[PDB]
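Data block below; observations after.
So basically every Cβ, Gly included, is an ideal-geometry build from the backbone, and we count neighbours across all protein chains shown. Taken together, the values in this text are just the output of simple stated rules run on the coordinates, not laboratory data.
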Amino acid sequence: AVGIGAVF
Amino acid sequence: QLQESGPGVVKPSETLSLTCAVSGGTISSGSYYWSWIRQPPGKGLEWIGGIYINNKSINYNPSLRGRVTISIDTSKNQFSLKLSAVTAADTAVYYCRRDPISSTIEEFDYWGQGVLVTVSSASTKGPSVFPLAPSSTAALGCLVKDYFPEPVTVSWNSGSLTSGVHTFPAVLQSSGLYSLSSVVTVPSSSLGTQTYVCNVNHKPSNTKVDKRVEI
Amino acid sequence: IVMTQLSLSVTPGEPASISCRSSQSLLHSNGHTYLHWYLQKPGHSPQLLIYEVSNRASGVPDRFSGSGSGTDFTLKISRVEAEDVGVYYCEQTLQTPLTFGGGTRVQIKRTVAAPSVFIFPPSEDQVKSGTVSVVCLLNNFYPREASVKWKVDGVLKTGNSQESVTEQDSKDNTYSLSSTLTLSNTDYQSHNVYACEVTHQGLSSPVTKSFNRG
């Protein structure tokens, strides 16, 4: 993936 | 970038250990999310767990939580996976993956090539190779029987014969050993004009077997 | 939390749409929507096609595009060719756990093609070690549905065979099938005629290939 919402 | 390493075969109820070697940058980078993913043969993808920067930000698939642990080794630039109490359901190709946390970093991920892990009590063993003798179009082939674990590769005439070759998915027998067939269809008038040799490679046993196939 | 996506038969050159539905909204409080699409070609690791609903990853050709909203998403291939055959997976990275959809297989649809059928007796090498494997080959057929029935001296067999099928061929978009009948040496020498009977909609009647032991 590109973009990991889980770290934000 | 990423390269997985594994034990090959794990006995049921024992512990599977894998490592992923990271290159081109430090695993401690806050630009990336690092994951373990697996795929049983012929099935879909399953996320195992992942890590952001260090061991204080590890998360797991609920279906594996309490049975898996993931760790990081910054000295070796590695991260690792430990899966206990393994069953045949844990037989799978295991991938590590690097995800940029933002497209601002870059617009591609990276997947390792993956490493097969087989959970079984069976002993590692190279195959027996038997001819499938031919006796418009004719068919001949090789029966690659009673090997463990996967995989084998089959080429024909040292790779010079590729058109019209079919190497089939292996089947797992009740014995716990695998068997597969590789075939080639040729014009009936091609029989006898040249030799037909199957080159069977079984990397787990480090064995190579050639079998000439004839009427 | 789950994502909902099976086979898609597509005429070459025509468009394909693959659907993904999520149990929860994939919209993050930061405004981004963390849904991505992968293609896994046979024998390869998955390749990212679309990230965050609609963005192509580096080097991904423009015949791929993505669209969607909250819980409903669609991957589009404008003109499908042979290199697009494989399994397409959606994935969410909104929150842990990260999750994949079940996959959607894309296969090229073609006209019916009947199999060429071959039967192989056990080799004399193998019979020496106490086992006999009889192999039936079904070559280059379409569609994938095919039925193989083993008969030993005209008697139907059950529970004593295994089969497998290749992935769709890249040039003719056909399938091939191998089935192995396994018996002990003693049981093999007790019977005479071994036959594999093949039923397929490319044939007008079941085709039988057989041999006489000895």
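Over every Cα atom in the stretch C:3-108, the radius of gyration and the widest Cα-Cα span, Dmax, amount to 13.1, 41 Å.
Around the amide H of B:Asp210, modelled in the peptide plane, lie the amide H atoms of B:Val200, all under 5 Å away and 5 or more residues distant in sequence or on another chain. Restricting the calculation to Cα atoms, the protein assembly as shown shows an Rg/Rh of 1.01 when the hydrodynamic-style radius is the Kirkwood one. Ranking C:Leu27, C:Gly159, C:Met3 by Cα position along the charge dipole of chain C, where only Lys, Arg, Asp and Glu carry charges on their C-beta atoms, puts C:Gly159 farthest toward the positive end. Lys and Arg at +1, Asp and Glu at -1: add these up for the other residues within a Cβ distance under 12 Å of B:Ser17 and post the number. Surrounding charge for B:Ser17 is -1. Close amide H pairs (under 5 Å, H built 1.01 Å from N) link B:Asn61 with B:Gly49, residues at least 5 positions away or on another chain. Distance between the C-alpha centers of the stretch B:201-215 and the stretch C:141-187? Whole Å please. About 23 Å separates the Cα centre of the stretch B:201-215 from the one of the stretch C:141-187. Model label points for C:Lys41 and B:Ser5, set 7 angstrom from Cα along the Cα-to-Cβ axis, are 3.0 nm apart.
Run the reach check for C:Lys109 against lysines, Cα to Cα strictly under 30 Å, same-chain hits fewer than 8 apart removed. What comes back? Output for C:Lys109: B:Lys43, C:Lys41, C:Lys76, C:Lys149, C:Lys171, C:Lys209.
The orientation-averaged projected area of the convex hull spanned by the Cα atoms of the stretch B:2-119 comes to 7.2 nm².
Estimated from helical segments only, the mean residue ellipticity of chain C at 222 nm is -1000 deg cm²/dmol, where each DSSP H run of four or more residues counts as -39500 (n - 2.57). In this structure, the amide hydrogen of C:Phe100, modeled 1.01 Å from its nitrogen in the peptide plane, lies closer than 5 angstrom to those of B:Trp47, counting only residues at least 5 positions away or on a different chain.
Working note: Cα gyration tensor of chain C, eigenvalues times five, square-rooted, sorted largest first, giving semi-axes of 47, 19, 14 Å. At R0 = 45 Å, how high is the FRET efficiency between B:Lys125 and B:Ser163 if r is their beta carbon distance? Nearest 0.05 is fine. For B:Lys125 and B:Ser163, the calculated efficiency is 0.90. Relative to one another, the C-alpha centroids of the stretch C:1-74 and the stretch B:63-131 are positioned 24 Å apart. Distance distribution note for the stretch C:116-212: the fraction of Cα pairs above 20 angstrom is 37%. Classified by the C-alpha gyration tensor, the stretch B:78-174 has an oblate form. Its axis ratio a/c, with a ≥ b ≥ c, is 1.5 or above, and a/b does not exceed b/c.
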